[PDB]
Amino acid sequence: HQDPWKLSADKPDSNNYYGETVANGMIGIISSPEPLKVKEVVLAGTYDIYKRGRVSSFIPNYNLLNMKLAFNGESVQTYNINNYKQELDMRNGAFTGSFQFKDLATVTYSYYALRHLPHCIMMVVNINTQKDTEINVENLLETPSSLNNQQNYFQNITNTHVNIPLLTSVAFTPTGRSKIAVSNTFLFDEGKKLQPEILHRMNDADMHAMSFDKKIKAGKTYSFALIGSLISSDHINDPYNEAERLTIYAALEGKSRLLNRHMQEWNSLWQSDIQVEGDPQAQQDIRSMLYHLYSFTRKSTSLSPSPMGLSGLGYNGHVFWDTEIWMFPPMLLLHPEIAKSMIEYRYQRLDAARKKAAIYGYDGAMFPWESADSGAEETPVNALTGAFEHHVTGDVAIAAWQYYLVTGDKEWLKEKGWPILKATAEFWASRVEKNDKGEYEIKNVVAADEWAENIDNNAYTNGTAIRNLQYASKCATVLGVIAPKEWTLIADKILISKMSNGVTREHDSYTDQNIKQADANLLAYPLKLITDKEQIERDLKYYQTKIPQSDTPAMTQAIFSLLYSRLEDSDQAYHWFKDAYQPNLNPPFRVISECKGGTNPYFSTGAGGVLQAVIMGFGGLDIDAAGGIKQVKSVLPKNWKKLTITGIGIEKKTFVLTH
Amino acid sequence: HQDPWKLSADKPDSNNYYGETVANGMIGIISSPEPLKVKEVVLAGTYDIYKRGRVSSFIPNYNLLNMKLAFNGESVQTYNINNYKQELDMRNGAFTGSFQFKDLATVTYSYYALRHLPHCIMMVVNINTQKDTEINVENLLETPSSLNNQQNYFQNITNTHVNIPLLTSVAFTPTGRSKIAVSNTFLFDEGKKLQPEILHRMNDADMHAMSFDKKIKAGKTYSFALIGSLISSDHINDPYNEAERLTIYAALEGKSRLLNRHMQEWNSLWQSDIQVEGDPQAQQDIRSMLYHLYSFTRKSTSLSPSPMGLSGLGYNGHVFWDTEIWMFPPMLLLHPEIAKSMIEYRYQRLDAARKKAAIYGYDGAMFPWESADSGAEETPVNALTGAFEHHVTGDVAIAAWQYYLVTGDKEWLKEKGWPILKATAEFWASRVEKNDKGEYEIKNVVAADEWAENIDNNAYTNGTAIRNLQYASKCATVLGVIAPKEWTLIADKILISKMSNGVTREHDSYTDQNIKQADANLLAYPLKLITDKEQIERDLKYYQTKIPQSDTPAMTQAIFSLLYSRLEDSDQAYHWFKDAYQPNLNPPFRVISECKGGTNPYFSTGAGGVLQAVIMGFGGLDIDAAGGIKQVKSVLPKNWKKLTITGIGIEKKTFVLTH
Amino acid sequence: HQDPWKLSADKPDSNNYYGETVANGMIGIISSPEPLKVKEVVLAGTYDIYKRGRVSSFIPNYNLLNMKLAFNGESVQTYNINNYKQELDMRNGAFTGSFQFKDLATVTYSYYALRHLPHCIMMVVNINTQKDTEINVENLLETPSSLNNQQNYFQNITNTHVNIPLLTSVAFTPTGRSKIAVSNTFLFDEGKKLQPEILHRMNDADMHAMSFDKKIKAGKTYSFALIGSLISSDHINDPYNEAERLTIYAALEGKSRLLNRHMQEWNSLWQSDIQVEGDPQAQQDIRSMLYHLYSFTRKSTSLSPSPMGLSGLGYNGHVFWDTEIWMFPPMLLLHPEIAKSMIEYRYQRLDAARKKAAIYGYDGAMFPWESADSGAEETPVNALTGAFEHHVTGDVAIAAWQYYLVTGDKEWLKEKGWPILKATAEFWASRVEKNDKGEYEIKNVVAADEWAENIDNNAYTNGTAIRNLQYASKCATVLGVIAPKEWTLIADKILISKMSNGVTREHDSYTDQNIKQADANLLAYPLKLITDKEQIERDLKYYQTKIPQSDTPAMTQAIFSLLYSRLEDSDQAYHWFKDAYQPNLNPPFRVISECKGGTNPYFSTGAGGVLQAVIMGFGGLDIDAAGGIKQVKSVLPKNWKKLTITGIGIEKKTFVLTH
Ligand SMILES: OC[C@H]1NC[C@H](O)[C@@H](O)[C@@H]1O
Ligand SMILES: OC[C@H]1NC[C@H](O)[C@@H](O)[C@@H]1O
Ligand SMILES: OC[C@H]1NC[C@H](O)[C@@H](O)[C@@H]1O
């Protein structure tokens with residue numbers, strides 16, 4: 001189970017199973033241990049009041065692939081199959097199951113969130129017989145209890161050449177805020193005259209189904225596909241007609257064309273890859289990380305990943321600095337156009353940030369701690385982060401400047417970067433307070449160490465304000481505009497203090513408290529405010545043991561790894577690399593939970609972190625302050641013979657590292 | 001009945017009557033055979049789910065002019081009047097009825113969709129008595145069954161000088177998507193003290209009425225008017241108050257001011273005119289075509305005509321390439337500012353085109369086959385054109401470039417033309433596939449010949465892609481912007497094939513099939529990809545026979561006419577000119593149906609086609625690729641002594657043609 | 001009661017009491033005569049159909065400060081309190097009440113609409129007992145009858161450090177157009193362990209309450225605060241969560257930080273001030289005028305004041321030319337950034353003005369007589385002003401040009417001023433009619449003298465059209481853009497006529513009618529079309545006695561004052577100054593009603609007028625047509641020893657005047 005491209009599980013154990021996800025940046029499908037079922041489906045961009053937090057949330061959607069298969073009128077179940085296996089092919093996001101039913105037939109089924117068609121899904125089923133048998137196949141559209149006011153439809157779309165049977169449902173999110181349409185069809189190879197008649201049943205309030213029978217002789221392979229389109233009022237004005245239209249189009253494209261297009265898109269994604277020689281487990285793990293990031297983003301959009309991407313409802317689907325600081329930097333280097341989507345998400349919500357600033361008594365743009373559809377604040381009111389954790393504004397500005405540094409796109413800087421950088425700088429200029437010594441303080445925040453609440457002069461926050469102001473001033477110079485000279489004066493005098501031992505103080509109330517996650521250490525990377533090697537080391541020595549083993553998110557150890565790599569300490573770098581995700585894994589596919597021993601995968605934030613430890617740490621790759629990508633000194637784990645990183649920067653460079 | 005300015009009908013035959021329309025680009029009113037009634041009223045820009053196609057539709061609206069007239073308490077009906085006549089004055093869009101009631105009085109009534117006031121209507125009624133008589137007059141607001149949740153209101157708006165009685169109705173389209181308000185008033189000449197008291201009855205769930213009596217002595221003329229305002233939530237935030245406000249405004253402007261303004265606007269429209277000497281029927285017919293286009297469009301808006309304009313619900317009020325290719329070119333030459341509205345419709349829906357492209361796996365902007373309020377696809381799901389007829393994107397780009405060529409407005413090119421041209425070119429670049437010989441193919445479309453479904457390399461479609469790409473590249477050069485060099489490379493290598501007989505092949509599966517309408521012939525005009533005269537001729541010879549007499553729309557013969565005019569073949573040109581619309585006519589006003597012997601007027605697309613045959617064909621007028629309007633060789637029908645075309649181009653030129 | 005900074009009232013008389021307002025540009029709170037109650041609360045930007053006019057309106061909001069106080073379970077009443085006093089401190093918008101309960105304790109309470117936090121309020125309560133006693137305190141959230149579908153909530157927001165109890169209500173405006181959320185908390189000094197337990201009762205459908213008891217020992221002061229946040233769907237997508245979030249944030253900021261920020265903002269506002277020596281009553285009155293303007297506007301927004309600011313539902317909260325011509329000029333001179341908000345209100349509604357123009361048959365932008373949320377017309381239909389009072393378009397243009405003149409901001413001219421000026425000029429170009437002598441007329445308007453309805457060539461209206469056209473042409477020149485030369489030709493020939501006595505004729509039907517308010521006199525100031533002193537004087541002589549004593553708004557005499565000051569006639573200037581507001585005052589705080597002896601304060605329009613009489617009249621300050629602020633000859637009232645005006649223009653100049 002250490003193929004570098006495939007994750008595999010034998011005989012799923014439902015008592016200890018955490019599904020894997022396939023996704024195209026719009027729809028995500030999470031596996032079930034049960035054959036021919038899926039656990040959960042999630043549509044990006046669709047939010048309503050639901051469960052956790054009393055704020056907007058992703059909504060569990062139609063489990064549109066659910067099928068029941070019977071042989072000779074005997075239902076297939078986990079309990080009467082054998083040789084049952086599941087595999088995820090990360091090369092093309094194909095989830096496949098396979099099993100034997102008694103003495104009758106082998107079943108293989110593969111499903112896909114099609115890469116080119118954001119709202120279309122497909123499952124292909126093959127049955128290979130060892131004896132004569134008749135299958136009954138049923139596709140179920142059960143309206144989840146998250147949705148309401150459902151309607152269940154069925155019709156035949158025909159011409160002289162086809163009969164396309166459409167199983168359609170339409171329903172609402174809990175407050176009526178979004179309308180959801182799903183439309184499914186079966187695709188056969190045998191043509192209109194010979195295809196099975198499709199029956200429709202509507203026996204339940206919350207479920208309807210289409211079904212058919214097929215006699216198959218011994219020694220034959222019978223194939224069929226299920227295509228499904230899932231779309232909402234958040235994506236299109238008339239989701240009902242659009243879903244039908246999409247499934248009909250996909251049906252007439254046909255399995256072969258769909259999968260060819262799908263594969264082309266995935267092949268382009270994997271032109272940026274990380275290859276490790278001498279450690280199969282590392283190789284597979286890093287592939288899983290890349291795969292989940294690629295699955296949970298989409299080029300040419302305004303979508304941004306939640307901390308859990310499309311793996312579920314984790315953190316209500318909300319967007320945090322988890323994007324800008326954690327998932328964005330690796331995507332910027334490998335695929336700038338994915339990064340472009342992430343920052344586009346922020347650019348389009350600049351106006352709601354302006355609104356937030358005004359409501360909280362400030363100038364410019366104040367980005368929310370948690371963001372969703374509108375760009376307004378979405379943090380649950382019970383968390384003081386919503387009101388008080390303000391570094392997110394600086395995080396957005398850092399991302400925006402980085403995007404420009406890497407691409408050199410001055411047109412985008414003028415159209416999008418500068419709006420962001422200017423407004424966010426204006427925020428910080430209004431956020432600081434000058435004291436009697438002419439220093440600038442940022443008081444009463446929640447720190448990046450979120451256990452420290454309502455404290456003053458948080459190191460990380462104050463670091464982001466410095467960068468935000470500096471970068472906005474540089475941006476002005478690039479565009480030939482005059483920037484308020486206050487921005488520089490403030491930046492140069494924002495307080496970052498040291499304790500008597502010379503260690504960066506986390507905040508004004510800080511002595512030796514345990515901390516939730518990296519904060520002061522973030523001034524070294526990614527901010528690069530602290531570049532002195534002895535200072536990096538002292539901060540590392542002092543804080544690295546301040547993060548407890550339990551209930552601490554995967555937003556720490558990856559940075560420790562990167563910083564030890566930069567210091568050229570292989571044993572330390574490798575210790576922290578492994579510690580950042582290996583204690584967080586869930587079976588059977590080594591998905592990453594938020595915390596050690598956690599059970600809430602997939603935490604895509606953690607993946608993005610570790611990916612920087614690999615690319616920026618072991619690879620030595622770094623965003624040069626004067627533009628483009630550079631390489632600094634680095635070390636590999638002892639047991640790594642070669643590290644190869646492809647498709648870096650706009651020149652798409654390959655970096656090879658050996659001992 | 002061959003006045004060059006008036007269409008007239010004696011004694012309307014209700015068993016065989018197709019009403020004429022008066023319209024101001026916003027409201028259309030379709031005549032009834034019955035006196036003092038109207039058949040149908042349609043409001044542009046208002047769409048909701050309704051009947052045909054399960055998709056958005058124009059909605060039958062309040063027949064706000066319906067009046068009942070009684071003499072000595074005896075209702076006027078078709079059955080008790082005599083000398084009944086109707087006439088449409090195309091000079092000012094006045095529909096007039098006139099009749100005699102027994103021995104008592106002559107009635108004349110004229111109604112108008114006021115040209116300056118998009119939401120206001122007026123009917124003027126004159127009664128000339130031959131004996132003493134008392135009239136009872138009633139104005140009815142019946143809520144059509146297309147609307148729901150109606151409220152019926154009545155009030156008196158007063159000051160010391162006036163009493164303006166308002167009959168008001170407010171209701172909803174089927175799904176609640178639009179709120180509709182209608183407000184009517186009666187205008188008298190005799191002033192507040194002497195005017196009839198107005199009674200209000202609300203006897204039915206779906207109808208209320210205002211009424212009055214008036215004694216008139218023998219030998220006197222008594223005049224009154226009905227003013228009506230009709231508006232929706234699609235046009236204004238508060239339609240209820242806005243309708244009342246408008247009717248009060250119009251009332252205090254008075255009949256005389258309203259008609260003077262109305263006539264000024266119509267006079268401006270007719271400064272661009274076509275005059276034919278030697279054929280009264282041609283003259284009247286071409287006037288009707290101009291009149292319908294002028295009535296169904298409006299300068300300084302973002303409105304675009306449906307194929308049936310405001311003549312009714314035809315094609316659900318949706319916008320098709322019927323605008324860009326068929327109705328737009330004649331309007332661009334005669335009145336550029338009307339063309340500007342047509343393309344503005346598309347510019348404002350550029351975003352919904354981008355959305356469609358992404359949903360179907362493409363870059364840039366993919367315009368919908370059928371468009372309505374949002375700009376999203378509105379083609380009924382049962383018709384495969386929705387998903388597969390793709391030339392519409394190129395049609396929109398061609399229109400946009402043409403607009404620039406004719407006006408020379410480089411500011412508009414930068415602000416509106418280039419956005420369109422760039423996105424649409426990006427679509428085609430993503431739509432083509434390169435083959436092993438370095439040619440580019442466009443596979444799996446429905447052709448302009450819509451009877452050819454799911455075929456490859458449609459001549460017309462491939463023609464539009466070439467033009468779209470070339471024009472986008474030229475546009476880039478004009479604005480000094482760098483365009484992807486791919487656009488030219490692709491354009492130059494898109495496939496256009498010939499069969500062994502040297503005739504342009506319609507598509508890759510094409511041999512000798514009957515075709516719905518012109519396709520390959522369109523490469524000659526309007527695309528002008530084929531300029532070789534022998535090639536034009538061969539394509540004409542081959543395909544002209546391929547269109548059946550039945551169920552083929554009026555989007556063919558007009559092109560045949562134009563192309564024979566260009567070749568200087570008068571007899572052929574004239575045969576096809578007449579064949580394009582004369583077999584499609586409906587009595588008593590010679591309105592045009594979509595197909596030969598059809599019964600679904602008024603097909604404004606057909607009119608636009610024929611108008612190009614006249615202007616571009618017989619007139620020889622042509623949009624020069626380097627800018628402005630030029631004239632190429634042409635011929636007139638034998639029986640036409642003179643053809644005069646006025647107000648052409650931004651220089652407003654007159655073209656005179658004789659044998 | 002003539003402190004120059006405080007308005008004060010002893011023993012409020014509920015039978016003759018008009019409350020004063022505290023406001024921050026977003027929320028207004030109007031005082032009650034009763035202790036620890038407020039009369040009315042109004043939220044800017046929230047409109048729905050409600051009562052007057054059948055059109056959108058501000059809505060009575062939660063009286064969120066209402067408290068009941070008891071000693072030893074004996075409620076505070078008028079009948080058992082003594083030295084009851086109220087005071088408004090204009091320095092910081094603090095409304096304070098103070099009183100004695102029997103012989104046992106002194107209570108003071110001060111409330112604030114916090115200047116930095118647009119949606120937050122605070123009341124601070126101090127109780128000093130002279131014997132041991134127990135207070136019961138109750139904060140009531142009664143849902144006003146203006147709102148519907150209310151929900152009453154209560155919860156505890158905690159961490160180890162705090163327990164923040166939230167009393168929250170959510171409700172809807174009459175039609176469901178706006179959702180309103182209010183969330184209150186109590187702030188204690190004594191910390192989490194020792195703070196009173198908070199009880200919650202929900203005994204009524206429309207009222208719930210939080211309460212607590214506290215023992216206070218003899219000779220001790222017990223202090224607590226109430227913080228309230230009031231917000232709607234018009235301000236934020238999720239008002240319910242945002243209100244809770246804001247109150248939590250304010251609570252953790254704490255009273256002291258909030259009042260510090262509050263005071264900083266007020267201190268900046270008062271850096272522009274008017275000081276009079278030798279007339280305490282004048283000084284206090286002019287301070288009240290300034291105070292009300294500062295309270296009813298807000299820098300860095302798109303908010304514009306209604307004629308009654310945030311003092312209540314006066315004129316349904318609608319925006320009129322009352323802003324551009326009456327409130328805007330004094331704010332432009334003193335604080336340009338407040339003026340910038342006023343014109344931003346119009347810039348953001350330019351599109352709805354374009355819509356209105358098209359609906360009424362005109363080009364460009366036609367601003368509504370009455371404006372609210374959308375920018376569409378909101379005048380009640382029963383007032384002919386809505387359809388016919390057209391000078392508002394010119395008024396908006398004049399304001400826009402003035403803004404540029406004073407600031408010199410050419411970036412804003414290009415981005416915002418020119419759009420407005422161009423569209424509005426295009427309106428007038430389409431609005432005029434040329435007659436036989438080559439003059440231009442504007443026919444069928446309601447005049448600025450609104451008693452003149454449906455008349456032609458109103459002096460004021462025609463004056464605004466001249467200015468609008470001239471300013472748009474000048475604006476074009478500044479930006480190097482070509483303007484239609486028709487604008488100048490029209491401007492130069494618009495009709496302004498004189499009667500035989502050489503007096504400016506108000507309109508074409510005008511001889512000697514009484515008039516509602518200044519019209520022809522407005523051509524002298526503000527338009528400055530009439531600069532000849534003898535002409536000014538003759539117009540003044542003829543019209544000044546044409547305004548009746550009764551039911552004439554305060555939009556006349558202040559102009560008379562300014563014009564007599566410009567003529568150097570102190571006795572006349574001073575007569576008209578006092579006449580403009582002194583007969584309009586209401587007790588106990590000298591609030592200004594709309595008309596003499598009126599009872600509908602606070603008419604902020606009137607205040608703006610008088611403030612121009614002071615600044616532009618007595619101060620001689622004037623907007624120079626070539627840019628910046630200048631000073632012309634002027635006179636002071638005899639009894640004024642010195643007039644000092646501070647913070648004028650972008651150079652923030654001080655003007656000092658003596659005899
Ligand atoms: O994953 C989202 C969120 N969880 C809590 C963490 O402390 C914070 O750093 C992160 O943004
Ligand atoms: O007129 C609407 C529509 N009808 C069908 C025709 O074939 C097509 O060309 C046209 O666009
Ligand atoms: O104060 C609002 C409105 N009331 C009536 C006045 O006549 C008018 O001039 C003013 O704009």
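Residue numbers start from 1 in every chain, and the chains themselves are labelled A, B, ... in the order their sequence lines are given, proteins ahead of strands. First listed ligand is number 1; within each ligand, the first listed atom is number 1.
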Below 4.5 Å, heavy atoms only, C-beta onward: do A:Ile455 and A:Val445 meet side chain to side chain?
-> yes

- Message: Tell me if a side-chain donor or acceptor on A:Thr393 pairs with a main-chain N or O of A:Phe367 at a distance below 3.5 Å.
- Response: yes

Among A:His318, A:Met308, A:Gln517, closest by heavy atom to atom 9 (O) of ligand 1 is A:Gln517

dist C:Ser57:OG -> C:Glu378:CD (nearest 0.5 Å) comes out at 10.0 Å

- request: Give the intermediate values and the outcome of side-chain hydrogen bond (donor to acceptor under 3.5 Å, both in side chains) for residues C:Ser371 and C:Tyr345.
  value: CA-CA 10 Å; C:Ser371 194; C:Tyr345 174 84; 2.9 Å; yes

Taking only non-hydrogen atoms of C:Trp369 and a 4.0 Å limit, the atoms of ligand 3 in range are 11 (O)

Practice problem: May I ask you to test the A:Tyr460-A:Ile325 pair for a side-chain heavy-atom distance under 4.5 Å? | Solution: yes

If we number the atoms of ligand 3 from 1 as shown, the ones under 4.0 Å from a heavy atom of C:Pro307 are 1 (O), 2 (C)

Atoms of ligand 3 under 4.0 Å from any heavy atom of C:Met555, numbered from 1 in the order shown, are 9 (O), 10 (C)

Checking B:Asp519, B:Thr464, B:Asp449 against B:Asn458 for side chain to side chain donor-acceptor pair (under 3.5 Å), the one that qualifies is B:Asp519

Less than 3.5 Å apart, any donor N or O on the side chain of B:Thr379 or B:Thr385 sitting next to an acceptor on the other? no

Between C:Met342 and C:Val319, is there a side-chain heavy-atom distance shorter than 4.5 Å? no

Nearest non-hydrogen protein atom to atom 8 (C) of ligand 2, with distance, is B:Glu450 OE2, 3.7 Å

Near C:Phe603 (heavy-atom distance under 4.0 Å), the atoms of ligand 3 are 1 (O)

Under 4.0 Å from one or more heavy atoms of C:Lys516, ligand 3 contributes atoms 5 (C), 6 (C), 7 (O)

Atom 3 (C) of ligand 3 sits nearest the protein heavy atom C:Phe320 CE2, 3.7 Å

of all protein heavy atoms, closest to atom 4 (N) of ligand 2 is B:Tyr315 OH, 3.0 Å

Here the atoms of ligand 1 under 4.0 Å from any heavy atom belonging to A:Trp321 are 8 (C), 9 (O), 10 (C), 11 (O)

Problem - Contact check: B:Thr605 vs ligand 2, nitrogen or oxygen atoms, below 3.5 angstrom - result: no

for atom 11 (O) of ligand 2, nearest protein heavy atom and its distance come out as B:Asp322 OD1, 2.7 Å

